[PDB]
Structure formats: C-alpha cells, structure tokens
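Just the one chain here, the form deposited in one PDB entry, laid out as structure tokens.
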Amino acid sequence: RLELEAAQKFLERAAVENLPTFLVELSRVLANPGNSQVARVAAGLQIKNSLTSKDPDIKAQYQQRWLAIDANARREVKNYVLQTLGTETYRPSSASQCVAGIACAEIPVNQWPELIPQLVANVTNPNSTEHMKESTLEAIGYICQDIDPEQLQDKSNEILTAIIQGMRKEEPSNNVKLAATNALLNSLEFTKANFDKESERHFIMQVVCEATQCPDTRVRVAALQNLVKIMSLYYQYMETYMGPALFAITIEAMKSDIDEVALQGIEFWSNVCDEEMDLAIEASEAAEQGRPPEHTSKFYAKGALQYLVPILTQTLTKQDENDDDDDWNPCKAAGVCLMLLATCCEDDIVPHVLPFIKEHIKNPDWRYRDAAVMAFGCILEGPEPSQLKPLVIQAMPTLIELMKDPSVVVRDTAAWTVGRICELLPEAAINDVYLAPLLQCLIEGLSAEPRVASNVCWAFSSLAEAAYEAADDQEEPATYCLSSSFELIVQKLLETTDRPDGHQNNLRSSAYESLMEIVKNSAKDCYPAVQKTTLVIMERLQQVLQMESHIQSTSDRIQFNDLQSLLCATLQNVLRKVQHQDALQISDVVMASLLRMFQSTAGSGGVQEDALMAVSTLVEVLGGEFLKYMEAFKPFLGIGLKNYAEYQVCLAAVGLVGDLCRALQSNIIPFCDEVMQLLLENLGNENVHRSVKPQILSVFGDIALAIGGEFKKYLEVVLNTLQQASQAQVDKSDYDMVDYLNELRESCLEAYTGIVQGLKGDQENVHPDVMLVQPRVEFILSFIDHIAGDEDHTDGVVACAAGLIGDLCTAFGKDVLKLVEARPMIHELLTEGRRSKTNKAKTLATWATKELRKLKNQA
C-alpha cells in the first residue's frame, strides 16, 4: 500500500483540479509503446474509470462531464486512444475500453461520427496486423454492448461487415475470430433488417455455423452462444437452418467431452423450451379467446425430443459425489433441460425417458441409479397427472428404499423426487396404500443429511396442504389423515430445528416453514397441539432474533423476514379458527412477537405491513379488551404512520387506526392526539404517495365517530383540509388521475359523514356539537353538486354522496332541503343511485331520498 497513496489519490488531485490536462497526458502515456505495460494499462484504466461506471447514474453523470471538456482536448484524447489499437501486444488491451467509454458519451449526441467508419476501416484494411483487427473488434464489441442499439441503426451494416470479416474461416488468427465472434454476440440486435431478407440471412448463419467448427474451443463456445442468441431474436427464421445445420451442431455439442461446449448445446435447447413455452401461452391465451396467433410455434423441441432425451439422461450419469452448489456442470444442466422439456413437451416426454428409468433404477453403479430416479422426478410436471399417477406407484416403495441407499447422492435425489411427488402429485402419498409407510420414511429422513432433510421438510409442507384440502378449506374439518401423527411430526420438525447443522441447505428455515405450514393446514382435533406448537414457534423465533439478528447475512435476513412474514399469516390463521377463549389465552405472546418485527427488522425488508395486518386480526377478534395492548402498541403504530417511504406500510397502519376506532370506540381518546398529529403531518408532506391521503381522510371520519365531541379540537383544521381536497381538479384526459379524483372524493364524503354522525351522537335528538359543522353544509352540497355534473364519477362516489345527504337531513333538517332543490343536479345523482346495480348506492340513495321527502312533508 505504501506506493498506493502516491498513486490512487495523486491521480485524483489531478482529475478534479484539471481533468482535461489529466486525460490528455494519460492518453499520451497510453499511446506510446515505450513506457511499461503497467503504467500503460494504469493510464488506460484511469481513462476508462473517468468515463464509465457500473452505476448507471454516475455513468450518465461521468458522460456529461466528458461532453463539457474543451473539444480540442477531447480530440487529442480521441487521437491517442484510437492510435493505440495495434500497438499494444499484451492482455486484451486497455485502449479498446477507452474507445467505448468515450463513444458511449459522444455517439448519442452525434459528436464522434468519425469513429465507426474508422473502426470498420481498421478491420477491413488488408494491411492491418493481428493486434489492430483484434483490439478494434473488441472495441466494437464494447460499444455495441454498452450503447443503445437505436443509436447505431444507421451504421449497423458497417459494424456487421467488420465483424463478419473477422469471423470468416479464411482469417488465419483465431484470436481475431474470437474477438469478432464475441463482438457479434453483442451486435445481433441491429442486424434485424439483414436477417429479414433470406439471402442476407443465409450468409450470416453460414459464418456463425462455420465458426462452431473452429478447432479453437473459444471460437466454438462463442459461436454456440451466438446460436442461442439468434434463436431468441429470430425464432421465426430458423426453420431454414434447424434441419440442415442447427440440429447437428448443437446435438454434437451436447455430446462433447468439453464441459463448456456441452453446456452451450444444452442451453440451446433449454432456450428453445423457453421460447416455445412462451408461444404455447400466446397461442393459448388472448389467442382463440381473441383472434388466433400471431407468432406460431414451429415445435423444434417436440421434434427433437427423440434424440435430445437419450443424450440428456446419459449426461445425468456424469456427476460428482460432492460438487457443492451452485455447481454448474452438464449433469446439472441436463436435469434442468429435461424438466423444461417436460413442461414444454408434456406427455410426449414420457415414452422417451421411461425406458431409461426402468432399466437403471437398480443398476449397481450409483451414477446410473441416481440418474434414473432423477429423470423420473424431472418429468413429473407437464404431462397429464392421469398418465402420471400409475407410474409413481411402480417406483414409490423403490423411492422409499432408495432413501436408505448406500450412496449419499442417490439418497439426496430420491428425497427431492419424493418432495416433488408430494407437491405435484401427492395422490401416491395421500393414499391408504402408501401414506403410513411414507410418513415413517419421512420421519426417518429428518434425521438424515441436511440436503435430504430439507427436501423432507418440503414434502411435509406439501403433504399437509394436500391432506387439509382433501375432505371434509373453510369451514375447518374435524379430522384429517395427519391427525394421528400431528404431534409426532411437530416434535420431529422441532428436533430438526435444533440441529447443529441446521444452517446447511436451509434446513432450520425449511423446518420452521414446515411447522407453520402444518399449524395452518390442520384439522380441528389437532388444535390443542396447534396451540402449543404455535407458542413454541414464537419463543424460538424470538430467540433467533435476540441471538442472531446482528450476525445475519443478507440472505439470512431475507429468509428470516420470510419466516416472520409467514408467522404473521400463521398467527392470523390460528386466531381466526380457535375458540375465542383460547385466542385470549395466547394473545399476550402473539402481541410480543408482532411488536418485535417492527423496524428493528429489517435493514433489508421489512415485514411491518405483515405485522400490522396480524395486529388488525387480533383487533378484530378481541375488539374492546384489545385496550390492554394499546399502550404497548402505540410507538409501533406511530412508526407505521411515519413510514412514507414504504407507503404500503403506511396504508396498513392508517387502516389499523380505523379498526382501533371501531374496537375501542371512546377508549381511543387518550391516543387520538398523537395519531391525529401524525395523520395531519402525512397530509402536509409532498413526499408521500398519493394513495395514502384518501385513506387518511376517511379515517378522520372513523376517529370522529369514536370520540364524538372530543373531535372539536381538530374540527377547524380537518374541515378546512377537507375543503381543499374536495376542490381538487385533474386532467379529465388522464384516466389514472380521474380514478384518483374519484377515490379522493369518496373519502372526502366519508370524512364529512363520520364527523356529522360522530358529533350527532347515537341518541335523539342531535347533540349541539353538530351545529359547528352547519356553516359547511352549503359547501358540502355544492361539492356534491359539482360531482353530479361531472359524468365521470363512480357508483362508489354516488353511494357516499347519498349517505352524506341522508346524514345532513337528520342533523340539520329543513335547511338541507332548501339547498338541495336549488341544485337539481343532486336529484339527478340520487336517481342514478336509485336506479343502480350497485347495492350500496341504491340503499343510500333511497334512504337519502326518503329523508329529503320527510323534510318536505315536515315543511
């Protein structure tokens, strides 16, 4: 490091004091083949670091800083940078990155029109040396990579010829070919007009296919990578080449003993599967239920299925009794490809893979035995479950013994297959023939290696839902097929939870997910155990937080938040289904977990909304005696309301305040002052998402409805706030803003309503307090008048406008009617609500009409 400061900032007191002078002197020591290869690259690295960055915004800002330098300085920079190509005889070169750095800034503003025709010239020139054509193709590659293809469309055919000339078989240097073939990979986007003409297309494909035959494997892989890209970009043009060329190339590639070549051949067909599944959806959806496709599938994968499958299953043998993950070898690639083929080819996949399975499931060589159970599991999704069920039956007890195989990788594959069966086709599991022995097999599996046990946890989760939905899924069933095993499965899962190697293969987290999954998916006769289990889960997840929160990685944090989020839903599940007295029993512990989930967790998260939703559930079940938790919940409710960033949390918290209003009623008064301040602040903060404001306006009514005359403190500011919100205008030719206008109107009307009702009282006649809102009645009805003549209002707005008219009649009487008949548009609105298909708008408009009638008769 001792010579680092004298460099890594000695070259920064220049780049900020005088960046022009800096970049010019660096380019000089780059352009001269006399200085060290180290200083040369350092210079180039300094220039490149001055023009671009991984952060798209500082890149966008480093570019503007370049387009600000004196044009004579930059032209000096561009002169030495460009004149370096061919001079460097080391590494891929540093100048090529400088070319593209500058170019990505200057090209989109038409500031270096000289570059591209000059770069084409470097490759095209027959005098040009190896290093000249090589470095130039690389720069071309970097440019096409880092720039928008829309900014190169007029030079596209110049770029292409330079690349093709580098890829041609005649070119003696494979280094050039590799550089050119890599360049083509980044420039297939703007050769669209070429590929569209047949004779033009033929030549491109010829060069690429020819390049896959190059005795250099780098050129092979690169060209094979191009074929994968070409299939995605120009799928509708490969019928010509698949037969005579593309089949043989990729097929032979899959069989290569060079892993890099094999992975590209496999990726070709995996990619075809992705295209042809996406077409299978386009042909299925919108199509037929609208006009038919519109991009038809040529079914390349279906058609090659008979020569792909035997190659793949053989590749499933080529494994490591070790590997670690994520290891990406042809063996693991072959399995994923087979899976994609099954979901793409469906039933057609079955008779090609089945003779392999039935011939190797008992082979003494473990790599062949592993491959068989693996191939079996790969095809379980896609084919009809009809054809599939009597087939796992053959293999099920074989799967069960394979769980106790002497090879660790067969054991692991068997468990994945079982778990895959339990999720996709649990018929073989939830069956009187194999259920009990499979459970024993699973119970034993939790004691196995973490890689196996995690798969078992998965299988348990899938079995619990399958069992729950199977007779006899609200309302809850009295018993299910896991009832006589429930307490045993739970304690086995809890044992797994406390394993010293629980950190491996997400074992511990998977078991916690299984636990919560069986708690949710359980029958009524499991409830005493469900209740205890729920308590245990909460105590231990608390321990995990208190003891491990500070040492969790980014991935541990995503899992733990996922589990806490799951715990919330689990707690909501339990609290809604158990006897009310039992919910009271555990509600103290439930509240503690939820309160621990707030903003402490997490840095990357969090789960505040999930937790607020669980509190809402506890509020709805307890209601009034939730009051005991109100003092402890207060700060966390406050956190939710101040979370304008995560606006979804804000919404849930605001909604929760309304739920607390209906539950605690007048008991919420001690807590209203702070809540009202928070809500009011949220309104006077333009950094808040607009979707929370109407919900806040609504809750004003809920709060007023709960505390009655105590709301007088807030009347002035609230009523005036409602006045500005009611006067809102938007562009009527902006459907999003019109929908937001209606949402705001509906909440304004709701707010007025709850304030009128809340100040009125429940008894008769009206409390004097309501008279404080009377001066607003004319504006309120004037507000409804404008809504009436807007035509773009919704039936949800008409409903609330009607409900308010009915409430004003009861509160203020005769005065309301004089104001209403002076605005005949109001009666138009009430009629529209009276003649409505919306049940809420028809009742309220009728009620409002009735009340208006009484006022007239009472005159």
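Rigid core here is just the name for the largest C-alpha set that superposes within 1.5 Å across the two forms. Just count from 1 along the sequence shown to find any residue number.
Omitted here: the form deposited in another entry. The next part is about that form.
For the residues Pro172, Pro775, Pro215, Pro390, superposed on the rigid core between this form and the one not shown, a C-alpha shift of 2 angstroms or more shows up only at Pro775. With a cut-off of 2 Å and the rigid core superposed, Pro528 has a Cα displacement that reaches or exceeds the cut-off between this form and the one not shown. With the core held fixed, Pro635 shows a CA shift of 2 Å or greater between this form and the one not shown. For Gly623, a C-alpha deviation of 2 angstroms or more is recorded between this form and the one not shown after rigid-core alignment.
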